[PDB]
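**Q** There's a structure below that I have some questions on.
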Amino acid sequence: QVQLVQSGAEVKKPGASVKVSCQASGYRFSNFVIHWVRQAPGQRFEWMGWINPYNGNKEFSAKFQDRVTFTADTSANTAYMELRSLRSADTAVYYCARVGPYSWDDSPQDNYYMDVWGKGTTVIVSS
Amino acid sequence: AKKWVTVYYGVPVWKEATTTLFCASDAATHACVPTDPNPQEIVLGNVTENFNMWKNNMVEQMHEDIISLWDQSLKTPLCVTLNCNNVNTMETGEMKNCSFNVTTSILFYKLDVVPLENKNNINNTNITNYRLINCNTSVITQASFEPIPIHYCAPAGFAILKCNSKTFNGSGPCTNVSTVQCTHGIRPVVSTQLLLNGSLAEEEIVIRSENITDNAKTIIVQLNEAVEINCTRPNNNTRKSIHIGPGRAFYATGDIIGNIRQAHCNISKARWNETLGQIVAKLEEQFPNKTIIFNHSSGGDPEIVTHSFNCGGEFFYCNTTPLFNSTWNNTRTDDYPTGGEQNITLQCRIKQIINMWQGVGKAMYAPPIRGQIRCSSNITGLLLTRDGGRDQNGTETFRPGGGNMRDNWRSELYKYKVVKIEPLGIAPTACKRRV
Amino acid sequence: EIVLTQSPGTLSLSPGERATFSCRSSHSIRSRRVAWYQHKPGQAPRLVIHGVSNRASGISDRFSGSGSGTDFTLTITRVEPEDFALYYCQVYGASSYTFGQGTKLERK
Amino acid sequence: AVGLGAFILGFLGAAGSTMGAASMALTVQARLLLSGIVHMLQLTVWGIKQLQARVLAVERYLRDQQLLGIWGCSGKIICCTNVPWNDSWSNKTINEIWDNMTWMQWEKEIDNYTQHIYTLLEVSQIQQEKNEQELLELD
Ligand SMILES: *[C@@H]1O[C@H](CO)[C@@H](O[C@@H]2O[C@H](CO)[C@@H](O[C@@H]3O[C@H](CO)[C@@H](O)[C@H](O[C@H]4O[C@H](CO)[C@@H](O)[C@H](O)[C@@H]4O)[C@@H]3O)[C@H](O)[C@H]2NC(C)=O)[C@H](O)[C@H]1NC(C)=O
Ligand SMILES: *[C@@H]1O[C@H](CO)[C@@H](O[C@@H]2O[C@H](CO)[C@@H](O[C@@H]3O[C@H](CO)[C@@H](O)[C@H](O)[C@@H]3O)[C@H](O)[C@H]2NC(C)=O)[C@H](O)[C@H]1NC(C)=O
Ligand SMILES: *[C@@H]1O[C@H](CO)[C@@H](O[C@@H]2O[C@H](CO)[C@@H](O[C@@H]3O[C@H](CO)[C@@H](O)[C@H](O)[C@@H]3O)[C@H](O)[C@H]2NC(C)=O)[C@H](O)[C@H]1NC(C)=O
Ligand SMILES: *[C@@H]1O[C@H](CO)[C@@H](O[C@@H]2O[C@H](CO)[C@@H](O[C@@H]3O[C@H](CO)[C@@H](O)[C@H](O)[C@@H]3O)[C@H](O)[C@H]2NC(C)=O)[C@H](O)[C@H]1NC(C)=O
Ligand SMILES: *[C@@H]1O[C@H](CO)[C@@H](O[C@@H]2O[C@H](CO)[C@@H](O)[C@H](O)[C@H]2NC(C)=O)[C@H](O)[C@H]1NC(C)=O
Ligand SMILES: *[C@@H]1O[C@H](CO)[C@@H](O[C@@H]2O[C@H](CO)[C@@H](O)[C@H](O)[C@H]2NC(C)=O)[C@H](O)[C@H]1NC(C)=O
Ligand SMILES: *[C@@H]1O[C@H](CO)[C@@H](O[C@@H]2O[C@H](CO)[C@@H](O)[C@H](O)[C@H]2NC(C)=O)[C@H](O)[C@H]1NC(C)=O
Ligand SMILES: *[C@@H]1O[C@H](CO)[C@@H](O[C@@H]2O[C@H](CO)[C@@H](O)[C@H](O)[C@H]2NC(C)=O)[C@H](O)[C@H]1NC(C)=O
Ligand SMILES: *[C@@H]1O[C@H](CO)[C@@H](O[C@@H]2O[C@H](CO)[C@@H](O)[C@H](O)[C@H]2NC(C)=O)[C@H](O)[C@H]1NC(C)=O
Ligand SMILES: *[C@@H]1O[C@H](CO)[C@@H](O[C@@H]2O[C@H](CO)[C@@H](O)[C@H](O)[C@H]2NC(C)=O)[C@H](O)[C@H]1NC(C)=O
Ligand SMILES: *[C@@H]1O[C@H](CO)[C@@H](O[C@@H]2O[C@H](CO)[C@@H](O)[C@H](O)[C@H]2NC(C)=O)[C@H](O)[C@H]1NC(C)=O
Ligand SMILES: *[C@@H]1O[C@H](CO)[C@@H](O)[C@H](O)[C@H]1NC(C)=O
Ligand SMILES: *[C@@H]1O[C@H](CO)[C@@H](O)[C@H](O)[C@H]1NC(C)=O
Ligand SMILES: *[C@@H]1O[C@H](CO)[C@@H](O)[C@H](O)[C@H]1NC(C)=O
Ligand SMILES: *[C@@H]1O[C@H](CO)[C@@H](O)[C@H](O)[C@H]1NC(C)=O
Ligand SMILES: *[C@@H]1O[C@H](CO)[C@@H](O)[C@H](O)[C@H]1NC(C)=O
Ligand SMILES: *[C@@H]1O[C@H](CO)[C@@H](O)[C@H](O)[C@H]1NC(C)=O
Ligand SMILES: *[C@@H]1O[C@H](CO)[C@@H](O)[C@H](O)[C@H]1NC(C)=O
Ligand SMILES: *[C@@H]1O[C@H](CO)[C@@H](O)[C@H](O)[C@H]1NC(C)=O
Ligand SMILES: *[C@@H]1O[C@H](CO)[C@@H](O)[C@H](O)[C@H]1NC(C)=O
Ligand SMILES: *[C@@H]1O[C@H](CO)[C@@H](O)[C@H](O)[C@H]1NC(C)=O
Ligand SMILES: *[C@@H]1O[C@H](CO)[C@@H](O)[C@H](O)[C@H]1NC(C)=O
């Protein structure tokens with residue numbers, strides 16, 4: 001079945017580079033778009049961008065313009081997420097999601113509603 | 001008879017090496033010398049050279065130097081909020097075609113628009129707003145695409161070992177190896193889920209893969225019957241010629257000359273039965289006691305599920321769901337025309353903003369053609385994939401997939417490799433050097 | 001730009017009642033394409049409906065989406081104790097889309 | 001150009017034939033050669049590429065005939081050294097090598113030993129250029 005398994009926790013110092021990874025198992029990773037969202041304790045979810053492993057098309061939100069970069073490996077069925085700078089306010093639980101299948105009767109963006117999620121890894125800046 | 005080491009010079013030992021092969025063609029025109037008027041070929045004889053089309057270092061040489069020549073012919077975004085509505089009309093249902101707002105100072109068919117809505121109080125009037133599909137992509141450049149039979153040749157000091165055994169399967173040894181300095185006609189036509197204008201086989205339909213018992217490996221199927229196809233656009237578009245910038249062109253064509261006939265395709269259902277009937281007969285050999293079920297493709301990006309064409313300069317995206325759509329329990333069965341044989345069609349969509357060259361990401365704009373568009377090609381190959389599922393009850397489902405872009409070229413470079421000649425070799429004998 | 005609002009934040013419900021959800025967006029969705037989530041404490045999030053009324057795969061018939069314009073609502077007929085979790089709202093899938101506040105199907 | 005092995009280099013035999021039959025058919029082919037008994041644009045570009053393939057093979061031949069001077073086989077085709085053939089390097093009984101294996105199967109047989117034998121040939125040659133040199137210094 002379709003399942004996304006993320007890596008373990010990664011407690012790093014502020015100013016380091018956290019490398020969160022995803023892993024596709026029950027489908028062809030080179031055909032679906034992977035999303036990354038952020039969840040802080042008590043706050044709301046927040047989109048961080050997406051990567052298209054098929055054609056290498058990348059798009060990230062304006063809030064994380066020069067802070068988060070996206071890289072993916074097709075031959076290993078894994079999606080990576082690098083962080084340039086850190087801050088104590090970034091202590092949150094990172095996720096990983098997968099877009100839905102495309103139908104013949106809809107717009108090219110009506111099928112990006114994050115169907116399959118992943119077991120969310122957590123990062124701590126100062127413990 | 002004591003043995004002694006002796007060095008010989010001129011041994012025919014081979015060593016597989018990599019290089020930068022040069023193109024060759026009749027007429028896209030840079031660095032391509034004319035074709036060889038004397039294509040010499042020498043049959044070696046009783047040699048068995050193990051080939052491997054999956055670990056070949058020539059496909060990377062063809063995947064490169066083809067994005068390179070493609071980039072040489074492309075040397076701009078202007079993403080603004082659009083505004084449109086449905087067009088005033090085997091029939092077209094919803095194809096938005098309108099004009100936008102301010103360019104500098106005070107027609108995008110269907111797969112290049114993204115709906116939105118402003119925060120004003122015009123919500124009670126239903127005023128929709130669009131956006132370009134590659135509004136947040138890196139570089140959106142803008143530009144005839146005709147495939148020429150490029151011939152790759154070996155440089156000075158290297159050779160090409162072309163096998164001739166009609167029972168290829170992708171790897172293993174060959175028994176009829178011949179040397180050539182160039183190759184046959186290779187058409188660099190880009191397409192997914194079907195190989196157009198390829199090279200037919202000499203015996204029955206053969207399949208090939210790196211590991212047939214694996215699911216992530218692409219299963220390339222080469223046919224032996226040139227199945228024709230007839231895709232055309234019966235509409236009629238007129239060049240608008242919108243100039244935006246200091247001496248810059250743009251062409252968002254469109255005209256109402258009966259915009260009701262949707263572009264489709266026609267495939268001979270009688271010929272399509274004989275092809276799939278022989279494919280299941282071959283797939284049953286490697287997969288015994290199983291039902292070779294064919295099924296719909298996956299989802300995600302619209303350029304993955306659909307077939308990619310190139311008809312005179314326009315790209316067609318066709319829903320290949322009516323194709324294969326069956327179960328196929330035993331060999332050559334489960335037909336569905338009830339006496340019809342009425343040209344099984346494929347509904348097609350047409351894009352203008354193209355996510356060019358899978359893998360990197362750099363879009364482009366396709367200039368439309370003034371008038372009617374009609375094309376015809378030969379379906380000679382097939383790309384497939386196996387769904388590895390634990391619900392396997394003797395029904396291994398297959399999908400068209402599309403795989404990587406390099407798989408469209410492994411179905412033509414599977415017959416040869418590039419080798420280097422190491423001339424010295426040692427061997428023992430009974431002679432001795434005088435000292 | 002886009003800010004979602006949800007009400008009520010809590011629900012004094014018992015197993016077998018009916019819940020009322022609402023996602024009044026700051027804007028007005030023209031296409032009427034949203035989604036709803038289910039986030040249990042400790043587990044992974046789960047998609048409820050993949051559309052304004054199109055439910056996701058494996059979701060039971062008790063969940064049913066409805067509404068248009070800005071009255072993005074939901075209803076759970078014959079609630080069960082296995083659904084007491086946090087529910088979030090969606091906007092669209094584009095260059096900008098936020099997330100809802102979050103309700104809670106409280107057992108009390 | 002002798003032997004007809006379909007390549008410019010690799011003239012000591014044809015690929016496919018055994019090691020013994022390639023040398024027995026080479027001397028017979030060599031006797032017949034010493035006795036002497038019996039568009040334009042696409043033609044001027046491919047006339048050059050056939051020359052570049054032949055001139056490069058001549059330069060590689062003349063270079064390798066002089067690089068063999070480190071082994072004492074300077075300017076020879078079928079040389080002969082004095083290094084003892086170790087039995088652990090695939091013994092195979094000499095008459096069975098030339099009559100059964102070709103050059104392709106033999107190179108795959110001692111692929112792990114060619115880098116070690118190439119060093120023993122240089123060591124044995126330095127001993128020849130040292131022992132036969134001291135004999136002249138005594139005079
Ligand atoms: C697979 O191979 C087949 C066989 O080549 C191929 O079909 C060819 O398609 C092209 C493109 O439509 C055809 O070329 C046209 O032919 C007409 C009539 O001969 C010409 O008038 C056309 O020239 C005009 O259009 C050009 C493009 O706009 C202009 O550059 C030009 O100046 C003229 O205005 C054009 O040459 C060709 O005739 C067919 N061939 C056959 C045998 O039908 C097919 O397209 C290939 N498949 C794929 C996917 O490419
Ligand atoms: C391309 O167009 C075809 C047809 O318009 C689409 O294929 C259709 O896919 C749906 C589900 O994916 C099938 O629906 C189901 O069919 C079964 C059997 O008929 C029926 O019992 C169910 O109730 C359900 O309706 C439908 O049959 C199928 N149509 C055909 C002709 O195979 C396809 O989805 C389109 N491509 C894309 C990418 O959407
Ligand atoms: C082994 O491979 C070689 C090719 O490398 C095969 O030779 C080819 O054989 C076919 C027919 O057997 C030849 O086609 C015809 O040949 C005649 C000869 O003059 C020609 O006039 C015809 O127009 C036609 O081309 C083909 O030319 C020939 N090719 C070469 C290079 O000799 C051979 O058949 C293969 N053997 C096996 C057992 O597979
Ligand atoms: C071709 O592939 C498609 C999907 O890639 C298959 O369609 C979907 O198949 C699954 C597996 O059976 C269906 O899921 C099940 O549906 C029942 C319906 O009651 C549900 O109770 C189960 O819990 C399970 O979710 C799914 O419904 C179906 N999709 C649709 C739209 O019906 C399709 O079956 C494949 N083709 C063939 C011939 O099998
Ligand atoms: C993706 O592209 C759009 C442009 O189409 C960017 O939207 C602009 O955002 C800025 C920031 O508020 C506004 O001032 C502009 O008016 C917006 N453009 C339009 C046409 O409204 C968007 O920022 C881009 N994404 C990123 C991450 O930069
Ligand atoms: C392609 O064909 C060759 C020979 O027909 C296959 O090689 C043999 O495969 C069988 C079983 O797969 C082995 O038992 C033999 O030892 C193999 N022989 C050699 C010389 O390798 C090869 O496996 C086939 N490849 C595919 C992908 O079908
Ligand atoms: C080709 O694929 C098959 C299955 O897709 C591979 O067989 C499996 O190999 C793994 C790793 O050794 C084993 O754990 C499994 O038990 C094997 N399957 C069975 C049914 O025994 C096979 O190894 C692949 N071959 C290559 C060369 O990649
Ligand atoms: C596509 O396939 C058709 C049929 O297989 C090819 O048409 C043949 O063309 C040759 C030379 O033009 C004729 O000698 C044959 O008689 C034609 N076949 C028939 C059935 O009439 C066509 O050339 C193929 N096109 C390409 C680009 O390969
Ligand atoms: C696609 O179009 C071609 C011609 O453009 C069709 O080829 C003709 O087929 C008929 C029989 O159906 C023959 O009598 C003609 O001689 C063919 N034309 C030529 C030039 O040889 C082809 O049949 C069409 N395919 C489909 C499925 O309709
Ligand atoms: C299948 O498609 C072909 C198109 O290739 C149809 O052939 C057309 O038939 C009409 C009427 O007989 C002619 O006016 C056209 O000129 C034909 N087209 C071509 C390219 O020759 C064929 O009729 C279709 N089959 C059925 C049963 O409708
Ligand atoms: C492709 O083939 C289909 C047949 O399935 C053609 O559709 C029919 O075309 C005839 C004209 O020959 C019309 O009278 C019918 O009303 C059409 N039926 C349907 C269901 O569309 C189609 O015209 C062919 N297209 C081309 C370009 O040849
Ligand atoms: C369209 O352009 C006009 C100026 O020509 C401007 O007043 C108007 O605000 C623009 N519309 C939008 C939605 O930006
Ligand atoms: C296509 O459009 C042009 C310009 O509108 C017109 O001159 C031409 O006649 C049209 N073609 C047909 C077949 O009517
Ligand atoms: C197919 O199934 C039959 C019935 O169990 C069995 O006898 C036969 O050996 C099977 N075929 C293969 C290739 O295993
Ligand atoms: C073919 O017939 C039926 C499917 O309707 C099934 O009972 C039978 O087992 C099938 N045969 C094989 C070999 O799958
Ligand atoms: C295959 O597709 C055609 C065209 O859509 C359809 O008429 C036919 O019923 C399909 N076959 C099956 C088994 O659904
Ligand atoms: C397809 O081919 C098989 C081959 O025997 C045949 O049984 C079947 O009737 C054919 N169907 C059609 C529609 O031609
Ligand atoms: C190769 O072997 C075949 C027999 O399979 C024989 O007829 C032929 O003469 C041999 N050729 C060479 C060059 O050894
Ligand atoms: C031959 O090989 C053996 C390996 O067991 C080694 O001990 C011995 O020294 C070798 N002799 C020569 C002359 O290389
Ligand atoms: C020759 O070497 C092989 C190993 O390559 C060995 O099996 C064989 O016994 C050896 N022969 C003798 C006579 O020792
Ligand atoms: C090797 O050649 C000899 C003849 O010199 C022959 O007797 C023997 O059978 C050959 N070996 C094999 C394995 O055929
Ligand atoms: C060389 O040795 C390695 C291990 O020592 C072995 O795997 C390899 O097969 C050998 N080379 C050849 C050509 O057999």
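Here's how to read the names in the structure tokens: chain A, B, ... by the order shown, residue numbers from 1 in each chain, ligand numbers from 1 in the order shown.
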Using only C-alpha atoms and all ligand atoms, which residues have at least one atom no more than 12 Å from ligand 14? Output them as number ranges by chain.
**A** B: 284-291, 394
**Q** Take the residues just selected and output them with N, CA and C atoms as a PDB file, in the first residue's frame.
**A**
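The resulting out-v4.pdb:
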ATOM      1  N   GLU B 284       2.706 -14.109 -21.184  1.00  0.00           N
ATOM      2  CA  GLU B 284       2.286 -15.303 -20.464  1.00  0.00           C
ATOM      3  C   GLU B 284       3.453 -16.256 -20.239  1.00  0.00           C
ATOM      4  N   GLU B 285       4.487 -16.175 -21.083  1.00  0.00           N
ATOM      5  CA  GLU B 285       5.654 -17.038 -20.942  1.00  0.00           C
ATOM      6  C   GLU B 285       6.426 -16.726 -19.666  1.00  0.00           C
ATOM      7  N   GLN B 286       6.762 -15.453 -19.443  1.00  0.00           N
ATOM      8  CA  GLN B 286       7.487 -15.090 -18.233  1.00  0.00           C
ATOM      9  C   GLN B 286       6.594 -15.087 -17.004  1.00  0.00           C
ATOM     10  N   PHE B 287       5.283 -14.935 -17.186  1.00  0.00           N
ATOM     11  CA  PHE B 287       4.311 -14.893 -16.094  1.00  0.00           C
ATOM     12  C   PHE B 287       3.334 -16.048 -16.260  1.00  0.00           C
ATOM     13  N   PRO B 288       3.647 -17.225 -15.724  1.00  0.00           N
ATOM     14  CA  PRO B 288       2.740 -18.366 -15.869  1.00  0.00           C
ATOM     15  C   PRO B 288       1.642 -18.370 -14.821  1.00  0.00           C
ATOM     16  N   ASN B 289       0.512 -18.995 -15.197  1.00  0.00           N
ATOM     17  CA  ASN B 289      -0.692 -19.128 -14.360  1.00  0.00           C
ATOM     18  C   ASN B 289      -1.207 -17.775 -13.879  1.00  0.00           C
ATOM     19  N   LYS B 290      -1.092 -16.756 -14.727  1.00  0.00           N
ATOM     20  CA  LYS B 290      -1.521 -15.421 -14.350  1.00  0.00           C
ATOM     21  C   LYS B 290      -2.336 -14.786 -15.464  1.00  0.00           C
ATOM     22  N   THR B 291      -3.099 -13.763 -15.088  1.00  0.00           N
ATOM     23  CA  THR B 291      -3.944 -13.008 -16.002  1.00  0.00           C
ATOM     24  C   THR B 291      -3.281 -11.658 -16.235  1.00  0.00           C
ATOM     25  N   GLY B 394      -2.946 -13.889  -9.233  1.00  0.00           N
ATOM     26  CA  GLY B 394      -2.791 -14.295 -10.607  1.00  0.00           C
ATOM     27  C   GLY B 394      -3.220 -13.224 -11.573  1.00  0.00           C
TER      28      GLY B 394
END
**Q** Tell me, as a list in words, which residues lie within 10 Å of residue C:69, counting only C-alpha atoms; anything in the same chain fewer than 3 positions away does not count.
**A** residues 123 and 124 of chain B; 24, 25, 27, 28, 29, 30, 31, 32, 33 and 72 of chain C
**Q** Output as a PyMOL selection string the set of chain B residues within 7 Å of chain A, with distances taken over only C-alpha atoms.
**A** chain B and resi 111+114+136-137+298-302+358-361
**Q** In Å, with one decimal, what is the gap from atom CA of residue B:217 to atom 23 (O, counted along the ligand's line) of ligand 7?
**A** 12.6 Å
**Q** Define the interface residues of chain D facing chain B as those within 9 Å, counting only C-alpha atoms, and report them as a PyMOL selection string.
**A** chain D and resi 5-7+9-17+39+41-43+45-46+49-50+52-54+56-57+64-65+71+73+76-86+94+97+103-104+106-107+114+117+121+128+132
**Q** Please identify every residue of chain B that has at least one atom no farther than 12 Å from an atom of ligand 8, counting only C-alpha atoms and all ligand atoms, and for each give the shortest atom pair and the distance in Å to one decimal, arranged by chain then increasing number, as CSV.
**A**
residue,atom,partner,partner_atom_place_in_ligand_line,distance
B:146,CA,ligand 8,27 (C),11.8
B:147,CA,ligand 8,27 (C),10.2
B:148,CA,ligand 8,27 (C),10.8
B:149,CA,ligand 8,27 (C),10.3
B:185,CA,ligand 8,28 (O),10.7
B:186,CA,ligand 8,27 (C),11.3
B:187,CA,ligand 8,27 (C),9.3
B:189,CA,ligand 8,27 (C),11.2
B:195,CA,ligand 8,28 (O),11.7
B:196,CA,ligand 8,27 (C),8.7
B:197,CA,ligand 8,28 (O),5.3
B:198,CA,ligand 8,28 (O),7.3
B:199,CA,ligand 8,28 (O),8.0
B:200,CA,ligand 8,28 (O),9.2
B:223,CA,ligand 8,5 (O),11.9
B:224,CA,ligand 8,5 (O),9.8
B:225,CA,ligand 8,5 (O),7.0
B:226,CA,ligand 8,5 (O),4.7
B:227,CA,ligand 8,2 (O),7.1
B:228,CA,ligand 8,2 (O),6.4
B:229,CA,ligand 8,1 (C),9.3
B:230,CA,ligand 8,1 (C),11.3
B:271,CA,ligand 8,5 (O),11.6
B:375,CA,ligand 8,27 (C),11.2
B:376,CA,ligand 8,1 (C),8.3
B:377,CA,ligand 8,1 (C),6.2
B:378,CA,ligand 8,1 (C),4.8
B:379,CA,ligand 8,1 (C),8.4
B:380,CA,ligand 8,1 (C),9.0
**Q** Selected residues, N, CA, C and O atoms, written as a short mmCIF file (atom, residue, chain, number, x, y, z; two decimals), in the first residue's frame, please.
**A**
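Here's the written file selection.cif:
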data_model
loop_
_atom_site.label_atom_id
_atom_site.label_comp_id
_atom_site.auth_asym_id
_atom_site.auth_seq_id
_atom_site.Cartn_x
_atom_site.Cartn_y
_atom_site.Cartn_z
N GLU B 146 11.08 19.20 -36.56
CA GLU B 146 10.99 18.07 -37.48
C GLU B 146 12.12 17.11 -37.17
O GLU B 146 13.30 17.50 -37.25
N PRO B 147 11.83 15.86 -36.80
CA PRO B 147 12.90 14.91 -36.49
C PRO B 147 13.65 14.48 -37.74
O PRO B 147 13.05 14.07 -38.74
N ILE B 148 14.97 14.60 -37.68
CA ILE B 148 15.88 14.24 -38.77
C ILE B 148 16.59 12.97 -38.34
O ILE B 148 16.97 12.85 -37.17
N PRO B 149 16.79 11.98 -39.23
CA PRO B 149 17.46 10.74 -38.81
C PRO B 149 18.95 10.90 -38.52
O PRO B 149 19.80 10.69 -39.39
N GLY B 185 19.36 4.84 -38.97
CA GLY B 185 18.62 6.08 -38.79
C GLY B 185 17.95 6.13 -37.43
O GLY B 185 17.13 5.25 -37.11
N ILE B 186 18.26 7.14 -36.64
CA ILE B 186 17.69 7.32 -35.32
C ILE B 186 16.86 8.60 -35.34
O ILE B 186 17.39 9.68 -35.59
N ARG B 187 15.56 8.46 -35.07
CA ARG B 187 14.66 9.60 -35.07
C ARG B 187 14.52 10.12 -33.64
O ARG B 187 14.00 9.40 -32.78
N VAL B 189 12.45 11.70 -31.81
CA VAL B 189 11.09 12.15 -31.54
C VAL B 189 10.75 11.88 -30.08
O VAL B 189 10.93 10.76 -29.58
N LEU B 195 5.93 4.60 -28.56
CA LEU B 195 7.10 4.99 -29.33
C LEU B 195 6.66 5.16 -30.77
O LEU B 195 6.20 4.21 -31.41
N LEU B 196 6.79 6.38 -31.29
CA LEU B 196 6.39 6.69 -32.65
C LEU B 196 7.60 6.75 -33.56
O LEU B 196 8.68 7.19 -33.16
N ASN B 197 7.40 6.31 -34.81
CA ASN B 197 8.42 6.29 -35.87
C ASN B 197 9.71 5.59 -35.45
O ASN B 197 10.81 6.03 -35.76
N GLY B 198 9.57 4.49 -34.72
CA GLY B 198 10.71 3.74 -34.25
C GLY B 198 11.26 2.77 -35.28
O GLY B 198 11.25 3.04 -36.48
N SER B 199 11.73 1.63 -34.80
CA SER B 199 12.30 0.59 -35.64
C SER B 199 11.61 -0.73 -35.31
O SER B 199 11.64 -1.18 -34.16
N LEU B 200 10.99 -1.33 -36.32
CA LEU B 200 10.28 -2.59 -36.15
C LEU B 200 11.28 -3.74 -35.98
O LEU B 200 12.47 -3.61 -36.27
N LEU B 223 7.28 -3.80 -31.20
CA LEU B 223 6.37 -4.52 -32.06
C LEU B 223 7.04 -4.85 -33.39
O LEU B 223 8.22 -4.56 -33.61
N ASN B 224 6.28 -5.47 -34.30
CA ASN B 224 6.78 -5.81 -35.62
C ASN B 224 5.76 -5.44 -36.69
O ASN B 224 5.84 -5.94 -37.82
N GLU B 225 4.80 -4.58 -36.35
CA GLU B 225 3.76 -4.12 -37.26
C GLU B 225 3.61 -2.62 -37.05
O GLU B 225 3.31 -2.19 -35.94
N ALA B 226 3.82 -1.85 -38.11
CA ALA B 226 3.71 -0.40 -37.99
C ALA B 226 2.25 0.03 -37.87
O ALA B 226 1.61 0.33 -38.88
N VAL B 227 1.73 0.05 -36.65
CA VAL B 227 0.35 0.45 -36.41
C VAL B 227 0.24 1.94 -36.66
O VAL B 227 0.90 2.75 -36.01
N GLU B 228 -0.60 2.31 -37.62
CA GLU B 228 -0.73 3.72 -37.92
C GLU B 228 -1.68 4.41 -36.94
O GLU B 228 -2.44 3.77 -36.22
N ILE B 229 -1.60 5.73 -36.94
CA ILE B 229 -2.43 6.58 -36.10
C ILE B 229 -2.70 7.84 -36.92
O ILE B 229 -1.89 8.23 -37.77
N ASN B 230 -3.86 8.45 -36.71
CA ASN B 230 -4.23 9.65 -37.45
C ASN B 230 -4.79 10.67 -36.47
O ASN B 230 -5.98 10.65 -36.15
N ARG B 271 -6.26 -3.86 -36.31
CA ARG B 271 -4.82 -4.02 -36.19
C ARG B 271 -4.40 -4.02 -34.73
O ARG B 271 -3.45 -4.72 -34.35
N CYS B 375 -1.51 15.08 -38.64
CA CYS B 375 -0.29 14.28 -38.57
C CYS B 375 -0.64 12.80 -38.57
O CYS B 375 -1.78 12.41 -38.29
N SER B 376 0.35 11.98 -38.89
CA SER B 376 0.19 10.53 -38.93
C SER B 376 1.53 9.88 -38.68
O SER B 376 2.52 10.22 -39.34
N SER B 377 1.58 8.94 -37.73
CA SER B 377 2.82 8.26 -37.40
C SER B 377 2.55 6.78 -37.19
O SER B 377 1.41 6.32 -37.18
N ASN B 378 3.63 6.02 -37.02
CA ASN B 378 3.58 4.58 -36.83
C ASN B 378 3.89 4.21 -35.39
O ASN B 378 5.00 4.48 -34.91
N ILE B 379 2.94 3.58 -34.70
CA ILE B 379 3.15 3.14 -33.33
C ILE B 379 3.95 1.85 -33.42
O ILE B 379 3.42 0.80 -33.77
N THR B 380 5.25 1.93 -33.13
CA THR B 380 6.12 0.76 -33.23
C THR B 380 6.57 0.20 -31.90
O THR B 380 6.93 -0.98 -31.84
#
**Q** Step by step, measure atom-to-atom distances between ligand 6 and each residue using only C-alpha atoms and all ligand atoms, keep those at most 8 Å, then write them as a ChimeraX atom specification.
**A** /B:168-173,208-212
